[PDB]
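Colleague: Just so it is clear, I am handing over start-v4.pdb, which has PDB, C-alpha atoms.
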```pdb
ATOM      1  CA  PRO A  11       0.000   0.000   0.000
ATOM      2  CA  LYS A  12       2.542   2.534  -1.291
ATOM      3  CA  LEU A  13       2.904   5.938  -2.910
ATOM      4  CA  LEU A  14       5.664   6.473  -5.486
ATOM      5  CA  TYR A  15       7.114  10.005  -5.223
ATOM      6  CA  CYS A  16       9.115  11.291  -8.165
ATOM      7  CA  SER A  17      12.080  13.436  -7.211
ATOM      8  CA  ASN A  18      11.914  15.345 -10.488
ATOM      9  CA  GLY A  19       8.988  17.752 -10.095
ATOM     10  CA  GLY A  20       7.599  16.272  -6.901
ATOM     11  CA  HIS A  21       4.627  14.281  -8.242
ATOM     12  CA  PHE A  22       3.169  10.969  -6.985
ATOM     13  CA  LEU A  23       2.934   8.408  -9.835
ATOM     14  CA  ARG A  24      -0.681   7.960 -10.874
ATOM     15  CA  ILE A  25      -2.601   5.526 -12.998
ATOM     16  CA  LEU A  26      -5.798   7.121 -14.170
ATOM     17  CA  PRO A  27      -8.615   4.684 -14.836
ATOM     18  CA  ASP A  28      -8.487   5.261 -18.672
ATOM     19  CA  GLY A  29      -4.888   3.997 -18.831
ATOM     20  CA  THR A  30      -3.101   7.373 -18.793
ATOM     21  CA  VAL A  31      -0.088   7.386 -16.455
ATOM     22  CA  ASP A  32       1.029  10.798 -15.235
ATOM     23  CA  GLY A  33       1.801  12.590 -12.001
ATOM     24  CA  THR A  34      -0.138  14.498  -9.339
ATOM     25  CA  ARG A  35       0.870  16.380  -6.200
ATOM     26  CA  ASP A  36      -2.539  15.874  -4.581
ATOM     27  CA  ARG A  37      -2.202  13.376  -1.716
ATOM     28  CA  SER A  38      -5.901  12.616  -1.552
ATOM     29  CA  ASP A  39      -6.018  11.515  -5.179
ATOM     30  CA  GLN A  40      -7.497   8.012  -5.368
ATOM     31  CA  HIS A  41      -5.222   6.801  -8.152
ATOM     32  CA  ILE A  42      -1.870   7.052  -6.462
ATOM     33  CA  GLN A  43      -2.257   4.362  -3.798
ATOM     34  CA  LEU A  44      -0.148   1.666  -5.429
ATOM     35  CA  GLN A  45       0.662  -1.956  -4.502
ATOM     36  CA  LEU A  46       4.183  -3.199  -5.390
ATOM     37  CA  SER A  47       4.243  -6.984  -5.561
ATOM     38  CA  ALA A  48       7.461  -8.907  -6.145
ATOM     39  CA  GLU A  49       7.471 -11.787  -8.622
ATOM     40  CA  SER A  50      11.134 -12.708  -8.435
ATOM     41  CA  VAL A  51      13.615 -10.748  -6.325
ATOM     42  CA  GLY A  52      13.982  -7.176  -7.614
ATOM     43  CA  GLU A  53      11.209  -7.894 -10.124
ATOM     44  CA  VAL A  54       7.914  -6.224  -9.297
ATOM     45  CA  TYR A  55       4.453  -5.539 -10.679
ATOM     46  CA  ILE A  56       3.149  -2.090  -9.798
ATOM     47  CA  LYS A  57      -0.605  -2.058  -9.272
ATOM     48  CA  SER A  58      -3.302   0.493  -8.415
ATOM     49  CA  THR A  59      -5.119  -0.360  -5.170
ATOM     50  CA  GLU A  60      -8.039   1.614  -6.574
ATOM     51  CA  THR A  61      -8.522   0.257 -10.072
ATOM     52  CA  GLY A  62      -6.492  -2.881 -10.105
ATOM     53  CA  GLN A  63      -4.814  -1.683 -13.293
ATOM     54  CA  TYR A  64      -1.196  -2.620 -13.771
ATOM     55  CA  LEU A  65       1.531  -0.187 -14.728
ATOM     56  CA  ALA A  66       3.070  -1.114 -18.108
ATOM     57  CA  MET A  67       5.364   0.352 -20.788
ATOM     58  CA  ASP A  68       4.468  -0.339 -24.430
ATOM     59  CA  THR A  69       6.742  -0.696 -27.505
ATOM     60  CA  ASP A  70       7.200   3.032 -27.981
ATOM     61  CA  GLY A  71       8.099   3.464 -24.323
ATOM     62  CA  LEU A  72       4.768   5.007 -23.406
ATOM     63  CA  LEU A  73       3.589   4.056 -19.936
ATOM     64  CA  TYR A  74      -0.028   3.059 -19.670
ATOM     65  CA  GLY A  75      -2.378   1.229 -17.314
ATOM     66  CA  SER A  76      -2.885  -2.443 -18.162
ATOM     67  CA  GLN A  77      -6.329  -3.880 -17.114
ATOM     68  CA  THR A  78      -4.939  -7.384 -16.980
ATOM     69  CA  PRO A  79      -1.354  -8.438 -16.120
ATOM     70  CA  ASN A  80       1.412  -9.504 -18.649
ATOM     71  CA  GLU A  81       5.048  -9.340 -19.906
ATOM     72  CA  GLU A  82       4.918  -5.507 -20.261
ATOM     73  CA  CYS A  83       3.829  -5.036 -16.619
ATOM     74  CA  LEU A  84       7.069  -6.318 -15.054
ATOM     75  CA  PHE A  85       9.698  -3.865 -13.863
ATOM     76  CA  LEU A  86      13.159  -4.277 -12.400
ATOM     77  CA  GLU A  87      13.553  -2.600  -9.038
ATOM     78  CA  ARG A  88      16.941  -1.211  -8.073
ATOM     79  CA  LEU A  89      17.595   0.595  -4.800
ATOM     80  CA  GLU A  90      19.816   3.623  -5.560
ATOM     81  CA  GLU A  91      22.651   5.313  -3.519
ATOM     82  CA  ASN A  92      20.129   7.600  -1.714
ATOM     83  CA  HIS A  93      16.845   5.989  -0.524
ATOM     84  CA  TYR A  94      15.224   6.206  -3.990
ATOM     85  CA  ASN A  95      14.288   3.580  -6.539
ATOM     86  CA  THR A  96      14.589   3.115 -10.297
ATOM     87  CA  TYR A  97      12.335   0.911 -12.454
ATOM     88  CA  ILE A  98      13.160  -0.696 -15.832
ATOM     89  CA  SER A  99      10.690  -2.206 -18.256
ATOM     90  CA  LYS A 100      11.839  -5.845 -18.100
ATOM     91  CA  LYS A 101      10.334  -6.458 -21.564
ATOM     92  CA  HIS A 102      12.521  -3.607 -22.790
ATOM     93  CA  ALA A 103      15.471  -4.123 -20.411
ATOM     94  CA  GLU A 104      18.055  -4.070 -23.171
ATOM     95  CA  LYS A 105      16.650  -0.704 -24.458
ATOM     96  CA  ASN A 106      17.369   0.638 -20.945
ATOM     97  CA  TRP A 107      13.929   2.223 -20.605
ATOM     98  CA  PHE A 108      12.979   3.590 -17.151
ATOM     99  CA  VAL A 109       9.690   4.705 -15.641
ATOM    100  CA  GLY A 110       9.958   8.468 -15.292
ATOM    101  CA  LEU A 111       7.992  11.674 -15.212
ATOM    102  CA  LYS A 112       8.758  15.128 -16.564
ATOM    103  CA  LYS A 113       8.757  18.197 -14.391
ATOM    104  CA  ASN A 114       5.158  19.080 -15.196
ATOM    105  CA  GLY A 115       4.072  15.624 -14.056
ATOM    106  CA  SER A 116       3.673  14.032 -17.477
ATOM    107  CA  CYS A 117       4.983  10.714 -18.677
ATOM    108  CA  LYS A 118       8.559  10.861 -19.894
ATOM    109  CA  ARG A 119       8.624   8.067 -22.542
ATOM    110  CA  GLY A 120      11.228   5.270 -22.303
ATOM    111  CA  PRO A 121      13.316   6.446 -25.317
ATOM    112  CA  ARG A 122      13.756   9.855 -23.735
ATOM    113  CA  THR A 123      14.663   8.431 -20.236
ATOM    114  CA  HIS A 124      18.152   7.594 -19.046
ATOM    115  CA  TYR A 125      20.359   7.187 -15.980
ATOM    116  CA  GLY A 126      21.236  10.293 -13.905
ATOM    117  CA  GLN A 127      17.934  12.026 -14.516
ATOM    118  CA  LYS A 128      15.777  12.938 -11.543
ATOM    119  CA  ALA A 129      12.827  11.727 -13.657
ATOM    120  CA  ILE A 130      13.614   8.093 -12.940
ATOM    121  CA  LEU A 131      14.057   8.238  -9.160
ATOM    122  CA  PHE A 132      11.001   7.303  -7.009
ATOM    123  CA  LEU A 133      10.662   7.155  -3.268
ATOM    124  CA  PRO A 134       8.264   4.481  -2.049
ATOM    125  CA  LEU A 135       6.013   5.861   0.668
ATOM    126  CA  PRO A 136       3.973   3.535   2.936
ATOM    127  CA  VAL A 137       0.476   5.056   2.878
TER     128      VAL A 137
END
```
Take the structure in the file and write it out as structure tokens.
Modeller:
Amino acid sequence: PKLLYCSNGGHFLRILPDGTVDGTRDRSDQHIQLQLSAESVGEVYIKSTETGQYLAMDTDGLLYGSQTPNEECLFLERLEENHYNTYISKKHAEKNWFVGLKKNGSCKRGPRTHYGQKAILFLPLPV
């Protein structure tokens, strides 16, 4: 029962019911309560506790909400040097595509992500 805070512009990661991932700063928002559930070690699904949608990155690197689970919904967790976390699309691990948000709280597509950005750091917060 966790919130994922993005260091970049200070948004909590948010899966809107229509599949559009983005960020909000509103703590009472329903769609930010997430559940991180480990398949293997350092291999998680990221799910909304409010819609049951799964976070997923498609072929273009666009993050969306997946209504059912699958290959695209798995992400590689890495704890970073501070207390923050990065998350790679397992299905696109080679392409080194992270979950990330821009500074205005919008999805920063995989292609345009990379290491050393503040877009890709997230701080899990127990709700």
Colleague: For the PyMOL selection byres ((chain A and resi 76-78) around 8), applied here, can you spell out every residue it catches as a count of residues only?
Modeller: 11
Colleague: Determine the residue set returned by the PyMOL selection byres ((chain A and resi 124) around 12) for the present structure, and present it as a PyMOL selection string.
Modeller: chain A and resi 96-98+105-111+118-123+125-131
Colleague: Please determine, counting all atoms listed in the file, which residue among A:24, A:93, A:113, A:101 has the shortest atom-to-atom distance to residue A:36.
Modeller: A:24
Colleague: Here is a test: counting all atoms listed in the file, which residue of A:71, A:33, A:52, A:27 is nearest to residue A:13?
Modeller: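 The closest residue to residue A:13 is A:33.
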Colleague: Would you write out, as a PyMOL selection string, every residue that the PyMOL selection byres ((chain A and resi 45) around 12) captures in this file?
Modeller: chain A and resi 11-14+23-25+41-44+46-48+54-65+134-137
